[PDB]
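The file final-v1.cif contains mmCIF, C-alpha atoms; chains and numbers go by the auth columns:
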data_upload
loop_
_atom_site.group_PDB
_atom_site.id
_atom_site.type_symbol
_atom_site.label_atom_id
_atom_site.label_comp_id
_atom_site.label_asym_id
_atom_site.label_seq_id
_atom_site.Cartn_x
_atom_site.Cartn_y
_atom_site.Cartn_z
_atom_site.B_iso_or_equiv
_atom_site.auth_seq_id
_atom_site.auth_asym_id
ATOM 1 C CA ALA A 1 20.481 44.597 29.745 0.00 1036 I
ATOM 2 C CA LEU A 2 17.581 42.120 29.975 0.00 1037 I
ATOM 3 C CA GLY A 3 19.601 39.379 28.298 0.00 1038 I
ATOM 4 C CA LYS A 4 18.516 36.509 30.525 0.00 1039 I
ATOM 5 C CA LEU A 5 14.780 36.895 29.955 0.00 1040 I
ATOM 6 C CA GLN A 6 15.337 37.506 26.239 0.00 1041 I
ATOM 7 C CA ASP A 7 17.415 34.356 25.921 0.00 1042 I
ATOM 8 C CA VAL A 8 14.700 32.277 27.586 0.00 1043 I
ATOM 9 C CA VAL A 9 12.046 33.490 25.114 0.00 1044 I
ATOM 10 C CA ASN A 10 14.395 33.164 22.124 0.00 1045 I
ATOM 11 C CA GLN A 11 15.387 29.586 22.964 0.00 1046 I
ATOM 12 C CA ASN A 12 11.826 28.424 23.551 0.00 1047 I
ATOM 13 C CA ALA A 13 10.601 30.015 20.291 0.00 1048 I
ATOM 14 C CA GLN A 14 13.529 28.532 18.326 0.00 1049 I
ATOM 15 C CA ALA A 15 12.642 25.065 19.667 0.00 1050 I
ATOM 16 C CA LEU A 16 8.993 25.466 18.611 0.00 1051 I
ATOM 17 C CA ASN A 17 10.044 26.810 15.214 0.00 1052 I
ATOM 18 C CA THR A 18 12.272 23.784 14.623 0.00 1053 I
ATOM 19 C CA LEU A 19 9.528 21.387 15.757 0.00 1054 I
ATOM 20 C CA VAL A 20 7.065 22.901 13.249 0.00 1055 I
ATOM 21 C CA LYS A 21 9.683 23.122 10.502 0.00 1056 I
ATOM 22 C CA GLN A 22 10.479 19.413 10.811 0.00 1057 I
ATOM 23 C CA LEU A 23 7.003 18.610 9.414 0.00 1058 I
ATOM 24 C CA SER A 24 8.316 19.612 5.928 0.00 1059 I
ATOM 25 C CA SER A 25 10.942 16.830 5.777 0.00 1060 I
ATOM 26 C CA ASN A 26 10.177 13.475 4.154 0.00 1061 I
ATOM 27 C CA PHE A 27 12.620 11.476 6.328 0.00 1062 I
ATOM 28 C CA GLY A 28 13.476 9.156 3.436 0.00 1063 I
ATOM 29 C CA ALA A 29 9.917 8.780 2.099 0.00 1064 I
ATOM 30 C CA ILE A 30 8.775 10.234 -1.254 0.00 1065 I
ATOM 31 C CA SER A 31 6.794 13.255 0.008 0.00 1066 I
ATOM 32 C CA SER A 32 6.394 15.223 3.243 0.00 1067 I
ATOM 33 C CA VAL A 33 2.663 15.716 2.682 0.00 1068 I
ATOM 34 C CA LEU A 34 0.879 12.707 4.136 0.00 1069 I
ATOM 35 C CA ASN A 35 -2.052 12.985 1.706 0.00 1070 I
ATOM 36 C CA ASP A 36 0.188 12.525 -1.353 0.00 1071 I
ATOM 37 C CA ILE A 37 1.889 9.504 0.227 0.00 1072 I
ATOM 38 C CA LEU A 38 -1.501 7.913 1.010 0.00 1073 I
ATOM 39 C CA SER A 39 -3.009 8.658 -2.420 0.00 1074 I
ATOM 40 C CA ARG A 40 -0.231 8.124 -4.987 0.00 1075 I
ATOM 41 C CA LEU A 41 0.601 4.682 -3.610 0.00 1076 I
ATOM 42 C CA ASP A 42 -1.925 1.926 -2.993 0.00 1077 I
ATOM 43 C CA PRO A 43 -2.707 1.163 0.648 0.00 1078 I
ATOM 44 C CA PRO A 44 -0.272 -1.752 1.188 0.00 1079 I
ATOM 45 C CA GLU A 45 2.688 0.133 -0.306 0.00 1080 I
ATOM 46 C CA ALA A 46 1.545 3.475 1.169 0.00 1081 I
ATOM 47 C CA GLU A 47 1.687 2.099 4.722 0.00 1082 I
ATOM 48 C CA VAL A 48 5.477 1.545 4.733 0.00 1083 I
ATOM 49 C CA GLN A 49 6.144 5.112 3.563 0.00 1084 I
ATOM 50 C CA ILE A 50 3.702 6.386 6.191 0.00 1085 I
ATOM 51 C CA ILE B 1 -9.123 -19.265 -12.781 0.00 494 J
ATOM 52 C CA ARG B 2 -7.549 -18.493 -16.110 0.00 495 J
ATOM 53 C CA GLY B 3 -3.795 -18.918 -16.109 0.00 496 J
ATOM 54 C CA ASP B 4 -2.827 -15.305 -16.664 0.00 497 J
ATOM 55 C CA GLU B 5 -4.536 -14.104 -13.457 0.00 498 J
ATOM 56 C CA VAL B 6 -2.904 -16.282 -10.760 0.00 499 J
ATOM 57 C CA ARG B 7 -0.265 -13.745 -9.670 0.00 500 J
ATOM 58 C CA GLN B 8 -2.856 -11.007 -9.023 0.00 501 J
ATOM 59 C CA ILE B 9 -4.789 -13.044 -6.422 0.00 502 J
ATOM 60 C CA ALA B 10 -2.638 -12.020 -3.432 0.00 503 J
ATOM 61 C CA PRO B 11 -3.286 -9.654 -0.523 0.00 504 J
ATOM 62 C CA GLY B 12 -2.933 -6.026 -1.660 0.00 505 J
ATOM 63 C CA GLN B 13 -3.057 -6.653 -5.401 0.00 506 J
ATOM 64 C CA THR B 14 -5.912 -5.823 -7.765 0.00 507 J
ATOM 65 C CA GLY B 15 -7.153 -6.858 -11.202 0.00 508 J
ATOM 66 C CA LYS B 16 -10.604 -7.335 -12.696 0.00 509 J
ATOM 67 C CA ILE B 17 -11.286 -10.688 -11.004 0.00 510 J
ATOM 68 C CA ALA B 18 -9.217 -9.559 -8.011 0.00 511 J
ATOM 69 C CA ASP B 19 -11.607 -6.610 -7.691 0.00 512 J
ATOM 70 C CA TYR B 20 -15.137 -7.648 -8.715 0.00 513 J
ATOM 71 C CA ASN B 21 -14.887 -11.465 -8.486 0.00 514 J
ATOM 72 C CA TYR B 22 -12.673 -12.679 -5.603 0.00 515 J
ATOM 73 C CA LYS B 23 -10.557 -10.581 -3.234 0.00 516 J
ATOM 74 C CA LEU B 24 -8.374 -11.426 -0.190 0.00 517 J
ATOM 75 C CA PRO B 25 -7.976 -9.186 2.865 0.00 518 J
ATOM 76 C CA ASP B 26 -4.936 -6.915 2.468 0.00 519 J
ATOM 77 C CA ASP B 27 -3.863 -8.429 5.849 0.00 520 J
ATOM 78 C CA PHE B 28 -4.490 -12.075 4.921 0.00 521 J
ATOM 79 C CA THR B 29 -2.739 -14.951 6.690 0.00 522 J
ATOM 80 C CA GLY B 30 -2.368 -18.423 5.167 0.00 523 J
ATOM 81 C CA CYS B 31 -1.428 -20.006 1.840 0.00 524 J
ATOM 82 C CA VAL B 32 -2.613 -19.797 -1.798 0.00 525 J
ATOM 83 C CA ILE B 33 -2.294 -22.954 -3.941 0.00 526 J
ATOM 84 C CA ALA B 34 -2.513 -23.303 -7.754 0.00 527 J
ATOM 85 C CA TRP B 35 -1.499 -25.726 -10.541 0.00 528 J
ATOM 86 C CA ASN B 36 -2.178 -26.485 -14.236 0.00 529 J
ATOM 87 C CA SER B 37 -5.558 -28.180 -14.754 0.00 530 J
ATOM 88 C CA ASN B 38 -5.897 -28.749 -18.533 0.00 531 J
ATOM 89 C CA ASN B 39 -5.517 -32.517 -18.044 0.00 532 J
ATOM 90 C CA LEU B 40 -8.626 -33.175 -15.897 0.00 533 J
ATOM 91 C CA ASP B 41 -10.951 -30.217 -16.569 0.00 534 J
ATOM 92 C CA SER B 42 -10.458 -28.892 -20.135 0.00 535 J
ATOM 93 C CA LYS B 43 -12.165 -30.871 -22.925 0.00 536 J
ATOM 94 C CA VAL B 44 -11.459 -30.941 -26.671 0.00 537 J
ATOM 95 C CA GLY B 45 -13.832 -28.686 -28.619 0.00 538 J
ATOM 96 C CA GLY B 46 -13.939 -26.035 -25.881 0.00 539 J
ATOM 97 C CA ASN B 47 -14.798 -26.114 -22.156 0.00 540 J
ATOM 98 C CA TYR B 48 -17.226 -23.296 -21.370 0.00 541 J
ATOM 99 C CA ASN B 49 -19.139 -24.599 -18.314 0.00 542 J
ATOM 100 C CA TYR B 50 -17.195 -22.072 -16.153 0.00 543 J
#

Can the structure in the file be given as structure tokens, please?
Amino acid sequence: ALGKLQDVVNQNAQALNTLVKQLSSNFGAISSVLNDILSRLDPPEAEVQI
Amino acid sequence: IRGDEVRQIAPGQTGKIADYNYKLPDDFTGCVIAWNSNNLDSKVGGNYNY
């Protein structure tokens, strides 16, 4: 019965969940984790991936 | 410098002289100039004054 309120909470939570989940994607770089990108590559080649 | 170590002396690159002897900022602006110098500097019998 309380569909409208439920939908509002569900949509907001799904947006936050997607925003947090997007931190796992590399976006074309070689690793999602920033520390690996900074360490494995030297600073002047690390910057472009970052 | 010795001939084999010209290509290391550039912003962002390393090497023994590039590290402990002469290093450029990784964000350097300008020009680097080099040429063969056996004719005027090197002497027969061994040039070691450097």

**Message:** To one decimal place in Å, what is the distance between CA of residue 508 in chain J and CA of residue 528 in chain J?
**Reply:**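 Between these atoms lies a distance of 19.7 Å.
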
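Near chain J, within 10 Å and counting all atoms listed in the file, the residues of chain I are residues 1077, 1078, 1079 and 1080 of chain I.
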
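Across the model, the gap from CA of residue 503 in chain J to CA of residue 518 in chain J is 8.7 Å.
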
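Comparing J:517, J:532, J:538, J:525 by their smallest distance to residue 499 in chain J, the closest is J:525 (using only C-alpha atoms).
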
To test the calculation: enclose all listed atoms of range 1043-1062 of chain I in a box whose edges run along x, y and z, add 6 Å on each side, then state centre and edge lengths in Å to one decimal, as JSON.
{"center_x": 11.2, "center_y": 22.5, "center_z": 15.9, "size_x": 20.4, "size_y": 34.0, "size_z": 35.4}

**Message:** At a cut-off of 12 Å, using all atoms listed in the file, what residues contact residue 1067 in chain I? Leave out same-chain residues fewer than 4 positions from it and give the result as a VMD selection string.
**Reply:** chain I and resid 1056 to 1063 1071 to 1073 1084 to 1085

**Request:** Record the distance separating CA of residue 543 in chain J and CA of residue 515 in chain J, expressed in Å with one decimal.
**Result:** 14.8 Å

**Message:** Excluding residue 497 in chain J and its own-chain neighbours fewer than 3 positions away, which residues fall within 12 Å of it when counting all atoms listed in the file? Please give them as a list in words.
**Reply:** residues 494, 500, 501, 502, 508, 509, 510, 527 and 529 of chain J

Export: range 499-530 of chain J, N, CA, C and O atoms, as a PDB file, in the first residue's frame:
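What ended up in part_24.pdb:
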ATOM      1  N   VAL J 499      73.100   9.976 -22.547  1.00  0.00           N
ATOM      2  CA  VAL J 499      72.384  11.201 -22.996  1.00  0.00           C
ATOM      3  C   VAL J 499      70.864  11.045 -22.934  1.00  0.00           C
ATOM      4  O   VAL J 499      70.190  11.958 -22.477  1.00  0.00           O
ATOM      5  N   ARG J 500      70.327   9.913 -23.355  1.00  0.00           N
ATOM      6  CA  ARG J 500      68.853   9.822 -23.463  1.00  0.00           C
ATOM      7  C   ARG J 500      68.171   9.739 -22.105  1.00  0.00           C
ATOM      8  O   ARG J 500      66.965   9.897 -22.064  1.00  0.00           O
ATOM      9  N   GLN J 501      68.898   9.409 -21.051  1.00  0.00           N
ATOM     10  CA  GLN J 501      68.282   9.421 -19.702  1.00  0.00           C
ATOM     11  C   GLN J 501      68.095  10.832 -19.160  1.00  0.00           C
ATOM     12  O   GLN J 501      67.158  11.029 -18.378  1.00  0.00           O
ATOM     13  N   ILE J 502      68.937  11.782 -19.564  1.00  0.00           N
ATOM     14  CA  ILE J 502      68.837  13.128 -18.927  1.00  0.00           C
ATOM     15  C   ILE J 502      67.669  13.896 -19.543  1.00  0.00           C
ATOM     16  O   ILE J 502      67.877  14.731 -20.445  1.00  0.00           O
ATOM     17  N   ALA J 503      66.460  13.574 -19.083  1.00  0.00           N
ATOM     18  CA  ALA J 503      65.231  14.218 -19.580  1.00  0.00           C
ATOM     19  C   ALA J 503      64.274  14.249 -18.398  1.00  0.00           C
ATOM     20  O   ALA J 503      64.435  13.429 -17.474  1.00  0.00           O
ATOM     21  N   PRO J 504      63.283  15.157 -18.372  1.00  0.00           N
ATOM     22  CA  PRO J 504      62.413  15.227 -17.231  1.00  0.00           C
ATOM     23  C   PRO J 504      61.600  13.940 -17.082  1.00  0.00           C
ATOM     24  O   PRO J 504      60.911  13.542 -18.013  1.00  0.00           O
ATOM     25  N   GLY J 505      61.674  13.341 -15.896  1.00  0.00           N
ATOM     26  CA  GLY J 505      60.883  12.137 -15.590  1.00  0.00           C
ATOM     27  C   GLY J 505      61.697  10.873 -15.631  1.00  0.00           C
ATOM     28  O   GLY J 505      61.282   9.892 -14.999  1.00  0.00           O
ATOM     29  N   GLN J 506      62.842  10.913 -16.297  1.00  0.00           N
ATOM     30  CA  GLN J 506      63.652   9.686 -16.445  1.00  0.00           C
ATOM     31  C   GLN J 506      64.718   9.617 -15.361  1.00  0.00           C
ATOM     32  O   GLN J 506      65.086  10.658 -14.781  1.00  0.00           O
ATOM     33  N   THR J 507      65.192   8.408 -15.117  1.00  0.00           N
ATOM     34  CA  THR J 507      66.191   8.180 -14.056  1.00  0.00           C
ATOM     35  C   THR J 507      67.425   7.513 -14.650  1.00  0.00           C
ATOM     36  O   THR J 507      67.546   7.439 -15.887  1.00  0.00           O
ATOM     37  N   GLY J 508      68.307   7.056 -13.776  1.00  0.00           N
ATOM     38  CA  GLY J 508      69.597   6.506 -14.207  1.00  0.00           C
ATOM     39  C   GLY J 508      70.580   6.918 -13.144  1.00  0.00           C
ATOM     40  O   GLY J 508      70.263   7.832 -12.372  1.00  0.00           O
ATOM     41  N   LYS J 509      71.752   6.308 -13.112  1.00  0.00           N
ATOM     42  CA  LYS J 509      72.649   6.593 -11.961  1.00  0.00           C
ATOM     43  C   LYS J 509      73.065   8.056 -11.918  1.00  0.00           C
ATOM     44  O   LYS J 509      72.945   8.674 -10.866  1.00  0.00           O
ATOM     45  N   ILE J 510      73.507   8.588 -13.050  1.00  0.00           N
ATOM     46  CA  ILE J 510      73.850  10.034 -13.092  1.00  0.00           C
ATOM     47  C   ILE J 510      72.570  10.851 -13.008  1.00  0.00           C
ATOM     48  O   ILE J 510      72.555  11.872 -12.324  1.00  0.00           O
ATOM     49  N   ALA J 511      71.514  10.367 -13.644  1.00  0.00           N
ATOM     50  CA  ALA J 511      70.228  11.088 -13.618  1.00  0.00           C
ATOM     51  C   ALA J 511      69.738  11.178 -12.180  1.00  0.00           C
ATOM     52  O   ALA J 511      68.922  12.063 -11.896  1.00  0.00           O
ATOM     53  N   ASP J 512      70.183  10.265 -11.321  1.00  0.00           N
ATOM     54  CA  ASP J 512      69.635  10.259  -9.948  1.00  0.00           C
ATOM     55  C   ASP J 512      70.582  10.946  -8.977  1.00  0.00           C
ATOM     56  O   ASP J 512      70.143  11.874  -8.287  1.00  0.00           O
ATOM     57  N   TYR J 513      71.847  10.534  -8.951  1.00  0.00           N
ATOM     58  CA  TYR J 513      72.752  11.054  -7.890  1.00  0.00           C
ATOM     59  C   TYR J 513      73.692  12.137  -8.417  1.00  0.00           C
ATOM     60  O   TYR J 513      74.461  12.671  -7.616  1.00  0.00           O
ATOM     61  N   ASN J 514      73.633  12.459  -9.706  1.00  0.00           N
ATOM     62  CA  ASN J 514      74.636  13.397 -10.266  1.00  0.00           C
ATOM     63  C   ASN J 514      73.986  14.657 -10.843  1.00  0.00           C
ATOM     64  O   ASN J 514      74.412  15.758 -10.470  1.00  0.00           O
ATOM     65  N   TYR J 515      73.067  14.512 -11.793  1.00  0.00           N
ATOM     66  CA  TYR J 515      72.331  15.699 -12.283  1.00  0.00           C
ATOM     67  C   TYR J 515      70.904  15.287 -12.589  1.00  0.00           C
ATOM     68  O   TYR J 515      70.721  14.325 -13.331  1.00  0.00           O
ATOM     69  N   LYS J 516      69.929  16.021 -12.058  1.00  0.00           N
ATOM     70  CA  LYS J 516      68.526  15.696 -12.384  1.00  0.00           C
ATOM     71  C   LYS J 516      67.716  16.941 -12.714  1.00  0.00           C
ATOM     72  O   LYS J 516      67.956  17.993 -12.063  1.00  0.00           O
ATOM     73  N   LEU J 517      66.776  16.791 -13.659  1.00  0.00           N
ATOM     74  CA  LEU J 517      65.927  17.915 -14.138  1.00  0.00           C
ATOM     75  C   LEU J 517      64.590  17.833 -13.412  1.00  0.00           C
ATOM     76  O   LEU J 517      64.213  16.733 -12.961  1.00  0.00           O
ATOM     77  N   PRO J 518      63.840  18.934 -13.256  1.00  0.00           N
ATOM     78  CA  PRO J 518      62.530  18.822 -12.675  1.00  0.00           C
ATOM     79  C   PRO J 518      61.680  17.942 -13.598  1.00  0.00           C
ATOM     80  O   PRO J 518      61.854  17.950 -14.799  1.00  0.00           O
ATOM     81  N   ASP J 519      60.759  17.185 -13.014  1.00  0.00           N
ATOM     82  CA  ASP J 519      59.868  16.355 -13.851  1.00  0.00           C
ATOM     83  C   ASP J 519      58.960  17.260 -14.676  1.00  0.00           C
ATOM     84  O   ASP J 519      58.335  16.740 -15.616  1.00  0.00           O
ATOM     85  N   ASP J 520      58.876  18.548 -14.321  1.00  0.00           N
ATOM     86  CA  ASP J 520      58.030  19.526 -15.053  1.00  0.00           C
ATOM     87  C   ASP J 520      58.914  20.578 -15.720  1.00  0.00           C
ATOM     88  O   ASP J 520      58.562  21.765 -15.706  1.00  0.00           O
ATOM     89  N   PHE J 521      60.043  20.159 -16.256  1.00  0.00           N
ATOM     90  CA  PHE J 521      61.012  21.127 -16.811  1.00  0.00           C
ATOM     91  C   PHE J 521      60.534  21.756 -18.109  1.00  0.00           C
ATOM     92  O   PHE J 521      59.845  21.085 -18.904  1.00  0.00           O
ATOM     93  N   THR J 522      60.909  23.016 -18.314  1.00  0.00           N
ATOM     94  CA  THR J 522      60.595  23.681 -19.598  1.00  0.00           C
ATOM     95  C   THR J 522      61.884  24.235 -20.205  1.00  0.00           C
ATOM     96  O   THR J 522      62.634  24.941 -19.492  1.00  0.00           O
ATOM     97  N   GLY J 523      62.116  23.939 -21.484  1.00  0.00           N
ATOM     98  CA  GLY J 523      63.318  24.453 -22.148  1.00  0.00           C
ATOM     99  C   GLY J 523      63.849  23.461 -23.143  1.00  0.00           C
ATOM    100  O   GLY J 523      63.051  22.719 -23.715  1.00  0.00           O
ATOM    101  N   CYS J 524      65.171  23.486 -23.354  1.00  0.00           N
ATOM    102  CA  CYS J 524      65.799  22.586 -24.343  1.00  0.00           C
ATOM    103  C   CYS J 524      67.060  21.939 -23.779  1.00  0.00           C
ATOM    104  O   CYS J 524      67.730  22.556 -22.940  1.00  0.00           O
ATOM    105  N   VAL J 525      67.345  20.718 -24.227  1.00  0.00           N
ATOM    106  CA  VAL J 525      68.596  20.014 -23.849  1.00  0.00           C
ATOM    107  C   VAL J 525      69.412  19.817 -25.119  1.00  0.00           C
ATOM    108  O   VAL J 525      68.848  19.378 -26.149  1.00  0.00           O
ATOM    109  N   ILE J 526      70.696  20.175 -25.056  1.00  0.00           N
ATOM    110  CA  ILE J 526      71.558  20.143 -26.273  1.00  0.00           C
ATOM    111  C   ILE J 526      72.794  19.271 -26.052  1.00  0.00           C
ATOM    112  O   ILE J 526      73.422  19.383 -24.994  1.00  0.00           O
ATOM    113  N   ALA J 527      73.109  18.410 -27.020  1.00  0.00           N
ATOM    114  CA  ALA J 527      74.265  17.499 -26.903  1.00  0.00           C
ATOM    115  C   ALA J 527      74.867  17.200 -28.276  1.00  0.00           C
ATOM    116  O   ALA J 527      74.147  17.257 -29.290  1.00  0.00           O
ATOM    117  N   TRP J 528      76.165  16.897 -28.299  1.00  0.00           N
ATOM    118  CA  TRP J 528      76.842  16.517 -29.559  1.00  0.00           C
ATOM    119  C   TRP J 528      78.148  15.795 -29.239  1.00  0.00           C
ATOM    120  O   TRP J 528      78.672  15.951 -28.123  1.00  0.00           O
ATOM    121  N   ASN J 529      78.681  15.072 -30.220  1.00  0.00           N
ATOM    122  CA  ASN J 529      79.954  14.330 -30.040  1.00  0.00           C
ATOM    123  C   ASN J 529      81.111  15.283 -29.762  1.00  0.00           C
ATOM    124  O   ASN J 529      81.212  16.325 -30.431  1.00  0.00           O
ATOM    125  N   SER J 530      81.966  14.920 -28.810  1.00  0.00           N
ATOM    126  CA  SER J 530      83.046  15.855 -28.402  1.00  0.00           C
ATOM    127  C   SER J 530      84.416  15.176 -28.349  1.00  0.00           C
ATOM    128  O   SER J 530      85.301  15.684 -27.663  1.00  0.00           O
TER     129      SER J 530
END
